[PDB]
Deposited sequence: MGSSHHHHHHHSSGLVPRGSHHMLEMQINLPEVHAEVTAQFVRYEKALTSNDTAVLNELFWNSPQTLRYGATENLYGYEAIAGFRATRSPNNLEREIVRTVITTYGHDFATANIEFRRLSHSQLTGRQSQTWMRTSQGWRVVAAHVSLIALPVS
């Protein structure tokens, strides 16, 4: 019945708050929170702007070696109690001619909401 439980209000606001935590950690390079919010599994993956990383271990390892931006559109959708997508467009003044996209899928784990897969890319429109 997931399609008749879209954007439930407690669920939608919870995922929103975690997304905001993620975005603030990204712009301050708070790697501990960036890692905290990724699902600790070998299945977790991140297709980043410059590389592809498979598994939590690879992602967390990358974060240790790797900033401000404006979000211009956001769609956060929740499906039932335990799953969600968060999609944003963004821009940086450093690269005026490009538009960034970031997609995340989130799952309610027994330690909270975590990102299970993410993809980031910048394109010219």
field: Parts of the chain sequence, as deposited, that carry no C-alpha coordinates in this structure
entry: 1 to 22, 89 to 92, 152 to 154
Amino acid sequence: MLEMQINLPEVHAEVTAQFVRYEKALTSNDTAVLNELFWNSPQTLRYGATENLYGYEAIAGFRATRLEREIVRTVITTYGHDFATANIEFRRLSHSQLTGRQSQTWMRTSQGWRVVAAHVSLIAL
From here on, numbers count along this sequence of modelled residues.
message: Quick check on the record: does 99 to 107 or 20 to 28 carry the larger mean Cα temperature factor?
response: 20 to 28
query: Comparing 71 to 79 with 45 to 53, where is the mean C-alpha B-factor higher?
result: 45 to 53
message: What third of the chain does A118 rank in for C-alpha temperature factor, lowest, middle or highest?
response: lowest
- prompt: If you rank every modelled residue in this chain by C-alpha B factor, which third holds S94: lowest, middle or highest?
  reply: highest
- request: Using the B-factor values recorded in the entry, state whether the Cα atom of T85 falls in the lowest, middle or highest third among the modelled residues of its chain.
  value: lowest
Chain third (lowest, middle, highest) by recorded CA B-factor, residue given as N40: middle
